[PDB]
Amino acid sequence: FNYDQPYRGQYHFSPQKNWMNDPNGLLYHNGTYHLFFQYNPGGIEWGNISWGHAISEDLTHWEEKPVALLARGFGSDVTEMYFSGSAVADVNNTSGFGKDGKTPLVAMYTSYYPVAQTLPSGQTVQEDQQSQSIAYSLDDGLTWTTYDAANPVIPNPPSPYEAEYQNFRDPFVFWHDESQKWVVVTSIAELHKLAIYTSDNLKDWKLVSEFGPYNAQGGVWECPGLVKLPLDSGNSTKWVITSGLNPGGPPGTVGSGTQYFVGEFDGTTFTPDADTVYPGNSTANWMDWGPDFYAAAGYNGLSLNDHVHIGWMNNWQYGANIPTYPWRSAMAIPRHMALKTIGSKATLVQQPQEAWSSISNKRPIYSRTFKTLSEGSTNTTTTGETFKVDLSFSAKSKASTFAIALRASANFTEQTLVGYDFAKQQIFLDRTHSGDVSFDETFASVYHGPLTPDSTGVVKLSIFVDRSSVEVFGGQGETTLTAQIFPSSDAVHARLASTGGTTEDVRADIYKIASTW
């Protein structure tokens, strides 16, 4: 397939054609990273929701595969859609789906039923019901069989939330080694609370606890996850819940976004640390301070120091309207997950997880150092559309702001600015003049996230630009900002900008990135 379209991320996953949303079924198994995703096999907007499927060996070079779970009744009246969920390798055959020595992969997902019906299990479902169901694969995730005999395995929200039958979704299931049980986290979306169940067999589930609401509550809760992450460089660990909400994303944004909670998990209950939850319903721990990072899900099948989340690089506010063709939506750079103690508190730090040496050389295409970068702009350099920029500079700078102008037209009237506000100690990403901003009133905006300098007073930014995206990793990765952009074909220039004064101890390096397709 030819992936050379305007706006087509060359190192971000997108389907060849049609609509994609949430990542699903993230599983590393037998040297393969599976990427399933909410997918419309019949169109460029949301609908006919199925699990699409791609694979890679390195989170970088994706190969799209046949649809894994195809909306039941696709091509006519749809009777069941395959909403979001997760996947595991049932290596001990606890589910009994194994056959001829081959052990099964098992997906757990929300069945969405557009019509009232009686299912092959004998269960009866209401119009627009959401329930949790399972499927299995005996060919390493290539084809799938739905558990028609018993689905759904969790028909109803727990008492007293039976009225929430239409909003009960996004099961994240995993093996909990310590309690020797399967654990699943689901979202009672409208009530901003998660319900946790355990099982010995992936089929029979027992309600064990509920979590929330805490912190951000300005939208429905979706895509819960729970994982144990290393803290700093010793032996200590913490458990982390990631969950999205739509709308009510990070400050300065309108629409969806991803928050997190740091705490402990005993196999049944997640206890948030006292300092991870804040009075009220607004203040939160943001996984990403930008507008385009949602439905972030974690990989099953990875060890303590190797955890990876994948997020959807779009926003529900305007996601239907981005000017992409023949596909719509991409996933963000996969995110390595860990904790570091920053300012006396356990803080999520992400690292851009792709096989960068396979597509990007360590010889920079552009390299400069300035003991004192003059006020104003440097001369133009050409970057093309796909590149990484590393910047470092002194927090002691005299300037108001230091920034790079990215994906800019020759005269820089079109450009995306990524920079640092010295007084406020904030990264900013200004996409107000980034290109096509015509499709939503809230798109042409400036975004901000907190970033303190390191111990030596050095501020570091690592910036990834692809055909329709900028991702900023600040510091050690404690602050990320993810934003789509839609620049014109000539928008391949860059320069540095020191506003209000000079910038001290500047290092800028730009590295070309090649296509993964």
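When you see a residue number, it is the position in the sequence shown, counting from 1.
Can you let me know which of the two, 278 to 286 or 349 to 357, has the higher average C-alpha B-factor in the entry?
The entry gives the higher C-alpha B-factor average to 278 to 286.
May I ask you to compare 264 to 272 and 103 to 111 by their mean CA B factor in the entry and name the higher one?
Mean B over CA atoms: larger for 264 to 272.
Can you tell me which of 81, 429, 254, 227 has the maximum CA B-factor listed in the PDB entry?
Going by the entry's C-alpha B-factors, 227 comes out highest.
Taking the Cα B-factors listed in the entry, which of 246, 445, 416, 379 comes out highest?
Answer, based on the entry's C-alpha B-factors: 379.
Based on the deposited C-alpha B factors for this chain, I'd like to know if residue 453 is in the lowest, middle or highest third.
According to the entry, residue 453 has a C-alpha B-factor in the chain's highest third.
Per the entry's values, where does residue 7 land by CA temperature factor relative to the rest of its chain, in the lowest, middle or highest third?
It belongs to the middle third of the chain when residues are ordered by C-alpha B-factor.
Sorting the chain's CA B-factors, does residue 152 end up in the lowest, middle or highest third?
For residue 152, whose C-alpha B-factor we compare with every modelled residue in the chain, the answer is the middle third.
Sorting by Cα B-factor within the chain, modelled residues only, which third would residue 314 end up in: lowest, middle or highest?
Residue 314: CA B-factor falls in the lowest third of its chain.
Taking the chain's C-alpha temperature factors as the reference, tell me which third residue 393 falls into: lowest, middle or highest.
Lowest third.
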